[PDB]
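**Q** Would you mind keeping the following structure in view while I ask a few things?
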Amino acid sequence: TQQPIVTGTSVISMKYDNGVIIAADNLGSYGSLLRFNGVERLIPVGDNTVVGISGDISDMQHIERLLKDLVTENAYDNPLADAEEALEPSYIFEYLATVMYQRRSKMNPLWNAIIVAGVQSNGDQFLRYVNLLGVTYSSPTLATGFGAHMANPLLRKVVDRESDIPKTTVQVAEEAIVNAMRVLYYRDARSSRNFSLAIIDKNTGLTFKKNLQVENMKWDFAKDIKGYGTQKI
Amino acid sequence: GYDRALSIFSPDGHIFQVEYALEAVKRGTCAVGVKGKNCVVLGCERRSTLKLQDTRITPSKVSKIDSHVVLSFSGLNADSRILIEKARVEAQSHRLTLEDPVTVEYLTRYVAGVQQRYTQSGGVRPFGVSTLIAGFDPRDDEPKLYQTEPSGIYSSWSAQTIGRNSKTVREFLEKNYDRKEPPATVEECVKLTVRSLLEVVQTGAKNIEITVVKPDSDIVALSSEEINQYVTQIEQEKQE
Amino acid sequence: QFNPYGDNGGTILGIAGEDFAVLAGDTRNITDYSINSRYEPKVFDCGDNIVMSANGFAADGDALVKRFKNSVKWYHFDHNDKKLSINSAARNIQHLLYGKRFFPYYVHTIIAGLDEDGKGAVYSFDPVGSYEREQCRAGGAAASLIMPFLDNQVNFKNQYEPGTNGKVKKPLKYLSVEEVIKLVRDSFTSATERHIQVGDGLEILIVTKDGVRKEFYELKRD
Amino acid sequence: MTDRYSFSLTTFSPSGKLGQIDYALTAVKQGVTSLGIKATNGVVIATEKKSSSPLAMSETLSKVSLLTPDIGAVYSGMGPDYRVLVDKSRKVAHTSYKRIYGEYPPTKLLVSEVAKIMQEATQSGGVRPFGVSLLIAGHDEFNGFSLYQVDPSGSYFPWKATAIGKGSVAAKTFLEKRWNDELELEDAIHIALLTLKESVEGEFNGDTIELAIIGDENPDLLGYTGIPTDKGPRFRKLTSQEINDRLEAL
Amino acid sequence: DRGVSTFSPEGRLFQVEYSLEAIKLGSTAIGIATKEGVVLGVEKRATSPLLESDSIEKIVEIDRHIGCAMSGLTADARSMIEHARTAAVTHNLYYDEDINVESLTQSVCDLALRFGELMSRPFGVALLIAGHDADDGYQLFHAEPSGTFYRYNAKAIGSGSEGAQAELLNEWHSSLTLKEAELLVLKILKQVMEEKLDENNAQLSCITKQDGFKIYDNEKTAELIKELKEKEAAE
Amino acid sequence: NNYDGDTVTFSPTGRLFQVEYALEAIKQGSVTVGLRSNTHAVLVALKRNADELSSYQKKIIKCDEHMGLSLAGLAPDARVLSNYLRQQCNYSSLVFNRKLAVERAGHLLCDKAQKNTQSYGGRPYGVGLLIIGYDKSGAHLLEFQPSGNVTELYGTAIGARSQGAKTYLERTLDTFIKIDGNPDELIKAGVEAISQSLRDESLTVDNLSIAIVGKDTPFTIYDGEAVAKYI
Amino acid sequence: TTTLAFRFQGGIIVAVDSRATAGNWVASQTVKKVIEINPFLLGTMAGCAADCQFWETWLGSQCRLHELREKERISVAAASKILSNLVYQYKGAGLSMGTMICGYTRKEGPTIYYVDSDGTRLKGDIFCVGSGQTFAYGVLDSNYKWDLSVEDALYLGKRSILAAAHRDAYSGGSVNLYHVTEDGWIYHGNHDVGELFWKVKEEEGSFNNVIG
Amino acid sequence: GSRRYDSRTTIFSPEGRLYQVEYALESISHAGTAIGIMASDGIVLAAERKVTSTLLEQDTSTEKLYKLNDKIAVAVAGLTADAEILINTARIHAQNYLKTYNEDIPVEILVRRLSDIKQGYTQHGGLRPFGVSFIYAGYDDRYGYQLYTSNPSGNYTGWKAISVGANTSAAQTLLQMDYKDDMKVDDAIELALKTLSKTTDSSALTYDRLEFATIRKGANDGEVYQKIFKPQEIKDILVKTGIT
Ligand SMILES: *[C@@](C)(CO)[C@](*)(O)[C@H](Cc1ccccc1)NC(=O)[C@H](Cc1ccc(OC)cc1)NC(=O)[C@H](C)NC(=O)CN1CCOCC1
Ligand SMILES: [Mg+2]
Ligand code: NA
């Protein structure tokens with residue numbers, strides 16, 4: 001039985017025609033205190049997978065070490081470690097999903113919500129979620145925390161079902177993700193302006209973008225707002 | 001824990017430790033079991049090189065496992081106590097779970113199973129003991145006599161003997177015991193048992209023990225004078 | 001305090017015919033008032049013409065299905081590729097569930113297939129292993145809505161023969177696969193209307209001696 | 001891996017001898033001579049400090065050891081075996097007695113515990129017996145002064161006076177002539193030094209001889225004052241200077 | 001001495017090979033498999049005439065559809081039978097069905113090599129496991145202390161095994177009736193047995209799909225012995 | 001001689017005699033053959049019987065849908081090792097959703113057999129195995145020896161008179177390796193290979209045992225009337 | 001549940017309902033609450049369905065192992081005590097079982113044993129177990145005599161379950177009858193309350209509280 | 001491995017004897033003789049100390065005779081160290097029985113349990129047996145005065161008069177000659193000393209080479225008293241019987 005201390009907020013993601021996009025802000029909250037501002041919550045595994053993690057940061061750092069160790073262990077006695085027998089997103093996910101459910105069953109969970117985004121060896125897009133309860137699900141769009149409430153509605157307007165994926169380009173998909181991150185900065189009290197974004201394409205590969213900022217924000221209309229009702233001045 | 005496999009096969013297919021345990025049984029004092037029409041009698045030799053004994057307190061050769069079953073033995077005396085104790089515990093455990101006392105076959109099967117376990121367990125030697133287990137099943141008047149041995153095999157006997165010079169008394173019983181007509185009464189059964197021991201014993205004084213078991217938990221041990229009367233009667237008929 | 005259980009919603013339904021059996025379930029996955037997936041299947045082909053679904057807490061449901069699939073695999077290894085009968089699978093599942101009697105799998109389980117006489121069979125389980133064979137069973141969040149409808153339309157309950165003064169019951173009879181699928185689709189559309197955890201899509205798995213076939217139908221997405 | 005020796009390494013031979021115990025006693029015979037003498041008002045235990053090398057500092061190696069404030073021990077045989085026995089003997093005095101009764105054990109009972117440890121090395125799995133004989137001198141309120149010998153078998157005997165090791169046969173004969181039941185402590189120390197000179201060959205002084213007594217209480221050696229009932233240790237190790245003083249009037 | 005799990009230079013386990021010699025000293029046991037059933041028969045071999053021969057239990061029930069006959073150090077078989085019975089009943093509990101005869105035999109044979117320095121030595125007893133299931137029908141298995149088991153159409157184990165096996169080689173065909181098999185076991189037992197064969201020193205049993213595993217009475221076996229003697233004199 | 005009492009003892013020339021005696025048990029075992037192309041891998045096994053009344057000892061065991069082996073030597077030891085493989089293959093599936101690589105399968109068997117050759121009390125495994133499989137890097141064939149040594153090969157054979165089949169495959173190497181997209185022809189080559197190890201006996205219907213795995217073929221075993229095609 | 005079993009002149013009658021509940025939700029109406037352990041032994045179920053189902057099937061396996069080992073059918077006393085000793089090991093853990101082990105043997109005769117999850121084991125002639133036990137007792141006790149005929153005893157057992165099925169909200173579905181004699185148990189059919197009620201009301205003239 | 005060095009202490013000879021038990025008995029036959037004699041009104045325990053040295057402290061010494069509880073004592077023959085292990089077990093077993101039943105332990109029960117421990121060392125564990133033979137002298141309200149003996153085999157028997165250790169053959173013949181059933185304690189005291197005096201390997205039997213003890217009902221009314229004799233008391237009893 002735990003209680004989360006230093007936490008990370010929403011992780012959002014979606015599929016597009018050739019691959020997947022995933023994003024998450026760089027904040028490490030300590031309750032209401034916005035304590036740490038240089039936290040990377042997107043962790044690449046190889047050149048074909050990115051794991052986005054929210055929840056407890058100490059448990060996130062533990063998972064980082066497991067994934068780091070997984071790459072090492074896979075390389076052992078494996079001449080095709082950088083080829084046919086390289087780590088797939090589906091392998092990495094199933095490992096984590098096994099761990100998460102084992103820990104909840106021992107009543108000592110890893111207090112996290114995880115999204116594994118990647119591209120398989122056959123070109124298929126991989127996007128699947130897992131959390132502290134060991135609950136797993138997949139969808140064209142996936143998001144954690146506040147992202148589930150605010151991002152998914154926006155991302156589902158772009159890709160509402162499976163047939164909408166081939167019709168969605170990387171330019172359109174990234175635009176929707178960046179818009180969603182802005183909306184979360186407006187409305188999530190444990191979010192930050194700075195964030196990271198990752199694209200895993202079946203042609204261009206892994207593109208990891210750091211130090212992004214939310215921009216083109218609408219604040220001007222605030223100047224006209226007075227009191228809470230009757231106040232004219 | 002001490003793990004050594006002491007009981008093992010030899011090239012000719014024998015487990016010597018089990019066979020040497022049989023030699024210890026052959027050294028032990030003679031014990032005989034004869035079952036009649038309505039009873040079983042257990043006879044036991046007691047070696048007479050020991051005078052100045054205290055027969056009140058000296059461990060008796062025949063032991064009660066329950067009120068309806070008895071166990072005599074031949075071989076190592078110290079080893080027999082361990083088997084008797086285990087058997088007595090299992091007897092009470094059976095009454096507790098099945099709500100019925102053990103059958104003589106079941107009790108024998110348990111004791112035999114213990115003996116067998118010590119022939120293929122690491123760190124232990126076999127029991128240097130063969131037992132005669134006799135009694136009557138609950139609510140049954142059919143007499144029961146069983147034998148066990150170090151190897152773990154057990155079987156039922158109309159009459160049987162174990163211990164030193166047992167082959168001589170078995171020879172006697174084989175011609176004197178009629179399957180078609182077993183000893184009809186208690187007296188006949190005790191006499192045949194005493195007769196068989198008199199082939200081997202020496203004197204019929206404080207060398208022979210006799211225990212009679214009858215149906216419904218009716219077990220009694222004979223005293224010196226009672227046994228001596230059979231000895232006196234047999235010898236007078238012999239001179240003919 | 002940490003709560004190890006959750007409710008992922010949805011609902012499932014199994015009906016048995018004379019020479020077939022269906023096991024249906026909606027494809028919606030939820031937590032609280034949010035939708036996680038509009039298409040997340042929870043009715044699986046487990047081999048040996050057995051289909052299975054464990055509805056309730058998805059993590060427990062996936063774990064159970066995963067264990068049973070693995071149970072089928074080892075049954076082949078250990079017993080010379082023998083086919084696992086539906087009655088034997090049911091008993092095996094009871095032991096899987098009851099093994100966690102004091103920390104249960106929070107799922108209502110249903111399996112379907114054919115019995116050893118070739119006839120359609122549906123077995124249903126409670127969360128701790130009690131099971132029963134039936135012609136009909138609904139499980140999950142909307143089971144209370146659907147089940148009485150099936151009692152009426154599959155087992156003809158409370159239906160009497162017209163003009164017989166309520167003395168002669170409507171006779172029992174097997175249904176065609178076409179009639180059964182009509183009942184399944186109507187059952188799920190009705191359930192989708194009045195239960196918020198039910199919707200998005202409907203996936204049916206039909207089992208005949210020829211194998212396992214699938215059918216998919218859209219459901220309301222609100 | 002793991003200790004697979006779970007069986008006895010000391011067993012009975014056809015003649016009835018316990019070989020390893022006999023051989024352990026042979027090792028004690030080879031060892032340097034040590035002795036003990038009981039007086040009316042004290043006990044003395046003494047031994048030769050056989051130096052392994054003149055570069056070695058023989059002060060750092062203590063053959064005579066304090067076990068409790070009123071009990072001391074000396075040995076003949078294998079030094080390492082003795083050292084670990086002293087460690088175990090000191091600890092058992094606390095664990096099996098002082099931590100229970102709030103006072104130190106009497107000599108006979110501590111001796112009994114040491115004997116138990118040595119007996120177990122004679123019967124337990126995968127071990128040889130200890131290659132030492134101990135002489136344990138001590139005092140307690142209800143038994144007074146006492147002197148005990150402990151052999152590799154675990155057997156122990158009380159003595160008025162005795163010697164063990166190299167020249168024990170001659171030393172025991174010497175002690176029989178000199179010992180009486182009216183000996184004062186100083187007279188016993190004198191006899192101890194006389195007896196030991198016979199077995200020692202090289203130098204005979206306070207630096208080559210190790211000698212301790214169980215006598216009167218020593219308040220100066222207690223380390224604190226304020227508790228009337230605590231009067232100090234009866235065990236005292238004689239200094240190199242204190243030995244040489246008595247060697248002049250020898 | 002030497003290790004219990006040691007290999008010989010020829011590539012065999014000493015203890016397993018020595019246990020096979022113990023089995024050769026054991027009393028004869030024969031099994032014959034037909035399309036109408038599987039017959040099991042044994043030599044009782046009482047060591048003395050005072051011993052009540054009906055207490056000699058060398059044929060044993062494992063389940064209603066599986067029987068077993070033994071030869072060698074028969075005391076060692078008790079724990080093997082106990083395991084087999086539990087395995088059979090346990091499988092029925094887990095799977096609501098009868099367990100395959102092969103699967104049962106395989107479970108018993110898993111005990112065989114669980115010895116070393118687990119139990120201290122191999123078993124000194126061989127088993128003939130006969131049974132029926134829906135998949136492979138009537139089956140006869142020979143289970144050794146090596147952990148190996150062979151299926152047989154017919155098989156003899158014990159002291160008269162090599163002589164009886166050569167006889168079974170000639171006599172067995174795929175169209176034997178149950179009655180023909182019963183007589184054949186009695187015939188071959190009488191040949192290899194020391195003492196003269198009768199109902200008291202030999203025991204028959206069979207397993208059929210309909211009636212399951214049945215040990216024959218001394219009255220029933222006696223008539224088959226009398227039927228056998230008459231048929232041999234008739235030509 | 002004096003250095004063959006247990007596996008923990010080296011000889012003066014640096015030999016482990018108990019391991020060599022375990023190796024000897026394989027030579028006494030019935031012949032079995034393994035060979036592969038680029039699309040399929042095939043096991044062919046000559047089964048052995050006690051006599052005419054007995055069944056023929058089953059030589060081939062399935063480990064997963066994509067992997068399995070044939071045995072030669074102590075059959076119970078093969079059962080232990082095959083069971084270990086089944087678990088390892090299964091662990092890879094449940095935990096990583098990943099079919100176990102045939103190369104890793106060999107590495108795991110090597111390490112399991114090794115531990116038995118360095119510790120007191122235990123003994124070496126008394127069986128040799130031929131593992132075939134199809135994974136993400138195509139078809140594979142492995143040869144396991146109870147010394148621990150595992151070897152990847154195009155083709156091989158173990159058991160009594162295995163040198164005859166091994167020589168044939170060494171000649172036929174260039175031919176059978178290019179039998180791609182043709183199961184029946186690759187089996188024929190294997191059946192012809194095992195025939196070089198036959199003496200006095202010939203391949204009958206309940207004597208021959210064939211197994212195959214490939215690109216669009218799960219590991220399946222053929223016995224009885226199913227192998228009559230290849231005689 | 002409502003289950004009963006009583007001893008009488010002609011052996012033992014055993015009658016049970018067939019309802020399963022999950023709170024106020026009727027989970028089933030066609031459940032088997034009698035387990036046929038062997039041709040001479042029966043077991044009734046009441047309480048947690050899984051506990052009853054699982055452990056009484058397990059009990060049957062233990063009874064089978066007994067007759068294999070001992071070459072003799074297990075006694076009703078020994079069979080009941082295996083189950084009672086088992087649940088006593090789990091005492092406090094939360095098992096919920098109300099059971100009746102009914103059967104015949106030569107040494108015992110017709111015998112009934114009540115066994116529950118808190119370790120109580122009682123021999124007796126009449127028992128009613130379950131949520132509707134009181135309703136069944138009311139009818140059964142007021143009509144019970146030792147000298148009942150097999151025909152009358154079968155009916156009384158059927159009528160007692162019906163009475164409880166009616167009043168008890170957590171009992172109903174159908175009545176499963178059994179009769180245990182010296183020759184073993186005999187099944188006397190499944191009787192749906194949907195038809196049985198109106199048939200009994202009309203023929204018997206009872207149930208005047210209900211609108212006819 | 002270690003198999004090479006295993007003596008195999010718990011195995012049978014081809015003749016069916018336990019090697020180690022037989023060799024332990026051979027060891028005990030060289031130990032100082034101990035005699036037990038049971039009278040109608042008490043029990044005597046007499047034991048000869050092993051070749052004494054003149055500088056041995058005699059009064060504060062215990063080698064042969066030990067107290068198990070207020071009603072039971074033992075005479076030892078063999079390894080003293082081994083005996084003390086068994087004695088402390090026996091002392092604890094007696095207190096366990098008293099704690100459980102609020103009654104002093106019956107003599108036979110204590111004897112059986114101690115003998116069962118010895119038995120265990122001959123059948124399992126791979127350890128050497130205890131090289132000890134006991135003479136148990138005790139009293140309880142069931143059988144009254146009782147003498148027992150146990151040996152390394154774990155076999156125990158009851159006696160009227162018995163010897164263990166050295167020269168038992170000669171000692172048992174002398175006891176068998178002069179013993180009778182109506183004997184008193186003071187007569188048994190004399191018999192015990194006379195027997196040792198003749199069977200001793202020493203030149204002459206003296207007070208300093210003996211341990212002596214009696215268990216009488218010679219206390220005040222229906223209660224038992226254990227008397228472990230002091231040196232001066234042995235000196236007096238030796239003069240009183242006319243041995244010195
Ligand atoms: C009547 C109907 C009263 O309920 C009977 O007792 C009936 C008996 C019965 C026996 C065998 C098969 C079916 C029915 N009992 C029930 O129907 C039973 C009631 C009950 C539930 C829980 C209990 O405590 C654990 C005790 C009694 N119903 C069930 O078992 C239902 C089907 N299942 C569950 O409630 C599932 N729960 C059980 C407890 O553990 C968590 C899951
Ligand atoms: Mg809806
Ligand atoms: Na209820």
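To be explicit about the labels: the chains of the structure tokens are called A, B, and onward in the order shown, and within each one the residues are counted from 1, while ligands get numbers from 1 in the order they are shown.
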Fewer than 3 positions away in the same chain doesn't count, so skip those; otherwise give me all residues within 6 Å of segment 106-117 of chain A, counting only C-alpha atoms, as a ChimeraX atom specification.
**A** /A:1,49-56,59,103,126-132
**Q** With C-alpha atoms retained, write the just-selected residues as a PDB file, in the first residue's frame.
**A**
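That gives us out.pdb:
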ATOM      1  CA  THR A   1       0.000   0.000   0.000  1.00  0.00           C
ATOM      2  CA  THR A  49       9.323   2.421 -29.036  1.00  0.00           C
ATOM      3  CA  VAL A  50       8.586   5.216 -26.565  1.00  0.00           C
ATOM      4  CA  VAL A  51       7.119   4.645 -23.110  1.00  0.00           C
ATOM      5  CA  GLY A  52       5.179   7.572 -21.636  1.00  0.00           C
ATOM      6  CA  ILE A  53       4.653   7.428 -17.874  1.00  0.00           C
ATOM      7  CA  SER A  54       2.499   9.395 -15.441  1.00  0.00           C
ATOM      8  CA  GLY A  55       2.010   9.038 -11.691  1.00  0.00           C
ATOM      9  CA  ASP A  56       4.707   8.521  -9.066  1.00  0.00           C
ATOM     10  CA  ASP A  59       8.255   4.402  -9.447  1.00  0.00           C
ATOM     11  CA  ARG A 103       2.572  -5.716  -8.085  1.00  0.00           C
ATOM     12  CA  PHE A 126       1.377  -0.062 -31.666  1.00  0.00           C
ATOM     13  CA  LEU A 127      -0.407   1.927 -28.972  1.00  0.00           C
ATOM     14  CA  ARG A 128      -1.539   0.439 -25.672  1.00  0.00           C
ATOM     15  CA  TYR A 129      -2.179   1.550 -22.093  1.00  0.00           C
ATOM     16  CA  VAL A 130      -1.513  -0.019 -18.705  1.00  0.00           C
ATOM     17  CA  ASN A 131      -1.881   1.276 -15.145  1.00  0.00           C
ATOM     18  CA  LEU A 132      -1.258   0.496 -11.460  1.00  0.00           C
TER      19      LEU A 132
END
**Q** Let me see if you get this right: every residue at most 9 Å from ligand 1, counting only C-alpha atoms and all ligand atoms, written as number ranges by chain.
**A** C: 101-102, 104, 106, 125-132; G: 1-3, 17-23, 26-28, 30-34, 44-53, 94-98, 129-132, 169-172
**Q** Produce as a ChimeraX atom specification the set of residues near ligand 2, where near means within 9 Å with only C-alpha atoms and all ligand atoms considered.
**A** /C:189,191-200,219-222
**Q** What does the structure give for the distance between atom CA of residue 39 of chain D and atom CA of residue 182 of chain D, in Å to one decimal?
**A** 7.4 Å
**Q** Any idea what's packed within 9 Å of residue 20 of chain D, counting only C-alpha atoms, ignoring anything in its chain fewer than 4 positions away? Could you give it as a list in words?
**A**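 The filter keeps residues 9, 10, 11, 24, 25, 122, 128 and 129 of chain D.
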**Q** May I have the selected residues written with N, CA, C and O atoms, as a tab-separated table (two decimals), in the first residue's frame?
**A**
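Result saved to again18.tsv:
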chain	number	residue	atom	x	y	z
D	9	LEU	N	32.70	-37.57	12.73
D	9	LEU	CA	34.09	-37.85	12.37
D	9	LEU	C	34.84	-38.52	13.52
D	9	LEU	O	35.98	-38.95	13.35
D	10	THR	N	34.21	-38.59	14.68
D	10	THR	CA	34.72	-39.34	15.82
D	10	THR	C	33.80	-40.53	16.07
D	10	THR	O	32.62	-40.35	16.37
D	11	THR	N	34.34	-41.74	15.93
D	11	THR	CA	33.56	-42.96	16.11
D	11	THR	C	34.32	-43.98	16.95
D	11	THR	O	35.54	-43.89	17.09
D	24	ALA	N	43.61	-36.28	20.15
D	24	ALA	CA	43.56	-34.92	20.71
D	24	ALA	C	44.36	-34.84	22.01
D	24	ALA	O	45.05	-33.86	22.24
D	25	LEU	N	44.25	-35.87	22.84
D	25	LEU	CA	45.04	-35.96	24.07
D	25	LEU	C	46.54	-36.06	23.76
D	25	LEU	O	47.36	-35.53	24.51
D	122	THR	N	32.95	-33.59	19.89
D	122	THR	CA	33.29	-35.01	19.92
D	122	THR	C	32.21	-35.88	19.26
D	122	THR	O	32.47	-37.02	18.89
D	128	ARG	N	36.14	-32.08	14.25
D	128	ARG	CA	37.09	-32.80	15.11
D	128	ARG	C	36.98	-32.27	16.53
D	128	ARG	O	36.48	-31.15	16.74
D	129	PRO	N	37.45	-33.05	17.52
D	129	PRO	CA	37.49	-32.54	18.89
D	129	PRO	C	38.46	-31.37	19.06
D	129	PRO	O	39.32	-31.16	18.20
**Q** Residues near segment 9-13 of chain E, anyone? I mean within 6 Å using only C-alpha atoms, not counting same-chain ones fewer than 4 positions away, as a PyMOL selection string.
**A** chain F and resi 21-22+24-25
**Q** Those same residues, written as a PDB file, in the first residue's frame with C-alpha atoms?
**A**
ATOM      1  CA  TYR F  21      29.572 -42.249 -19.753  1.00  0.00           C
ATOM      2  CA  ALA F  22      26.385 -40.191 -20.160  1.00  0.00           C
ATOM      3  CA  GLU F  24      27.832 -43.305 -24.164  1.00  0.00           C
ATOM      4  CA  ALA F  25      24.112 -43.770 -23.377  1.00  0.00           C
TER       5      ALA F  25
END
**Q** Excluding segment 21-30 of chain C and its own-chain neighbours fewer than 3 positions away, which residues fall within 9 Å of it when counting only C-alpha atoms? Please give them as number ranges by chain.
**A** A: 137; C: 7-18, 33-43, 51-53, 55, 58, 110-114, 119-122, 177, 180-181, 184, 188, 197-208, 219
**Q** May I have the residues of chain H within 6 Å of chain D, counting only C-alpha atoms, written as a ChimeraX atom specification?
**A** /H:23-24,26-27,55-57,80-81,126-128
**Q** Distance limit 8 Å, atoms considered: only C-alpha atoms. Which chain E residues sit that close to chain G? Return them as a ChimeraX atom specification.
**A** /E:61-63,85-86,89-90,93
**Q** I want to know what sits within 12 Å of residue 208 of chain D, based on only C-alpha atoms, with residues of the same chain fewer than 2 positions away left out; could you give that as a ChimeraX atom specification?
**A** /D:46-52,54,57-59,61-63,193,196-197,200-206,210-211,239-241,243-244
**Q** Enter the distance from atom CA of residue 8 of chain B to atom CA of residue 105 of chain B, in Å, rounded to one decimal.
**A**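 Distance reported for this atom pair: 28.6 Å.
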**Q** Which residues come within 12 Å of residue 161 of chain G, counting only C-alpha atoms, excluding same-chain residues fewer than 6 positions away, as a PyMOL selection string?
**A** chain G and resi 1-5+14-19+128-140+154-155+167-168+171-177+191-193+196-197
**Q** Assign secondary structure with DSSP using the backbone only, and return the residues of segment 60-197 of chain A in helix (DSSP H, G or I) as an MDAnalysis selection string.
**A** chainID A and resid 60:75 89:105 146:155 162:164 170:187
**Q** Show me, as a PyMOL selection string, every residue of chain H with an atom at most 12 Å from chain E, counting only C-alpha atoms.
**A** chain H and resi 1-8
**Q** Just give me the gap between atom CA of residue 55 of chain F and atom CA of residue 159 of chain F in Å, one decimal is fine.
**A**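 About the pair atom CA of residue 55 of chain F and atom CA of residue 159 of chain F: they are 19.4 Å apart.
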**Q** When you get a sec, could you note down which chain C residues fall within 9 Å of chain F, using only C-alpha atoms, as a PyMOL selection string?
**A** chain C and resi 66+70+77
**Q** Store the residues picked out above in a file with N, CA, C and O atoms, as an mmCIF file, in the first residue's frame.
**A**
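Generated output (again.cif):
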data_model
loop_
_atom_site.group_PDB
_atom_site.id
_atom_site.type_symbol
_atom_site.label_atom_id
_atom_site.label_comp_id
_atom_site.auth_asym_id
_atom_site.auth_seq_id
_atom_site.Cartn_x
_atom_site.Cartn_y
_atom_site.Cartn_z
ATOM 1 N N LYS C 66 -6.125 -15.672 -19.882
ATOM 2 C CA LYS C 66 -4.732 -15.994 -20.150
ATOM 3 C C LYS C 66 -4.312 -17.302 -19.479
ATOM 4 O O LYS C 66 -3.583 -18.101 -20.067
ATOM 5 N N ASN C 70 -3.705 -21.054 -21.286
ATOM 6 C CA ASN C 70 -2.498 -21.771 -20.926
ATOM 7 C C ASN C 70 -2.813 -23.154 -20.356
ATOM 8 O O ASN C 70 -2.024 -24.083 -20.497
ATOM 9 N N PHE C 77 -0.325 -31.100 -24.035
ATOM 10 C CA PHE C 77 0.999 -31.644 -23.740
ATOM 11 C C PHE C 77 0.928 -32.876 -22.845
ATOM 12 O O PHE C 77 1.566 -33.891 -23.122
#
